[PDB]
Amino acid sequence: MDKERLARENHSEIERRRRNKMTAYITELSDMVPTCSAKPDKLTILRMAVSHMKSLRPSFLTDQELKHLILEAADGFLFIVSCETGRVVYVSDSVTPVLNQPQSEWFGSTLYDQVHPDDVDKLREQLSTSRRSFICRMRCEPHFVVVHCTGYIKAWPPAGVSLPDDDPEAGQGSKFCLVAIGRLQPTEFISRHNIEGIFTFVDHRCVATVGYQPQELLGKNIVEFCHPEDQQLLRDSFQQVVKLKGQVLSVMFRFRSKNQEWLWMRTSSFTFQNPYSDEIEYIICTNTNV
């Protein structure tokens, strides 16, 4: 087939599909405007679409429509806090369907007062001095919920927003702010503990062994996961392995799995000695499903 004839046929097909797309979009316009659906030609449909758009009417959506789309897609609530003091500069109404807290409990407050104390220091490392993403525990006896926060550091005050003289923000003088969204959310594994039993290193295999992620174990004491009957046995094992450096001590206990289910675990522990001072750096445990 000569190339000129094939080119002409391709061009004719392109123009045909182009006209097809145009007529299909005109049909969609007829379906989208009031009294067209309730038959008109292309010109009448176009004029009625022009009138409808004129009545409806820069961004494609409004701020409220964009917020609606984002929240309908992935929940969350917006909060803008100061980097210096953590002062809550802004919090959206979405904090009520997320934390069961009114906007009053967050306004005039600080983010450190709204998170669990065990997170405060961590929070500081996320506020001092672009993108940010962390996980904390927010308030709601008191109750806490794990909240995943992701956002950014914006130079304050924001452009376009007017700051009146008699406004509570006029005297603050914050230079940067965190603008973020908060949302609600037969094998073995090795581990490293201190002399007290705190998980300082967790193998990734723990997920397949006890159902926990390594971050869920790190920092916690292993005895917290132990059955109260087996707790003194596990504690005496951790105490005796320190006195017998080099010797391997095995112990069976009941580990509380991710589903709050008891699993029989065999933990074999020994100590790591410094090649110079011969001091105990940590305790290496191999925890095996039974």
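The numbering used is simple: start at 1 and walk along the sequence shown.
Trainee: May I ask whether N259 is missing from the deposited models in at least a third of the other compared entries?
Mentor: No, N259 is modelled in every one of the other compared entries that cover both of its flanks.
Trainee: Quick one: is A38 left out in at least a third of the other entries we compared?
Mentor: Yes, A38 lacks coordinates in at least a third of the other entries compared.
Trainee: What number of residues from the deposited sequence go unmodelled in the gap from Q185 to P186, classed as none, 1 to 3, 4 to 9, or 10 or more?
Mentor: Missing residues, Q185 to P186: 10 or more.
Trainee: For the higher mean C-alpha B factor in the entry, choose 62-70 or 256-264.
Mentor: Comparing averages over the C-alpha atoms only gives 256-264.
Trainee: Using only C-alpha atoms and the B-factors in the entry, which stretch averages higher, 120-128 or 147-155?
Mentor: Here the higher of the two C-alpha B-factor means belongs to 120-128.
Trainee: Where does the C-alpha B-factor of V210 rank in its chain, lowest, middle or highest third?
Mentor: Its C-alpha B-factor belongs to the highest third of this chain's values.
Trainee: Determine, from the deposited record, the chain-internal third of the Cα B-factor for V89: lowest, middle or highest.
Mentor: Lowest third - that is where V89 ends up once the chain's C-alpha B-factors are sorted.
Trainee: Going by the CA temperature factor in the PDB record, which third of the chain does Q103 belong to: lowest, middle or highest?
Mentor: Ranked within chain, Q103 CA B lands in the highest tercile.
Trainee: Divide the modelled residues of the chain into thirds by Cα B-factor and specify which third, lowest, middle or highest, holds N289.
Mentor: Tercile = middle for this residue's CA B-factor.
Trainee: Ordered by C-alpha B-factor within the chain, which third holds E216? Give me lowest, middle or highest, please.
Mentor: Tercile = middle for this residue's CA B-factor.
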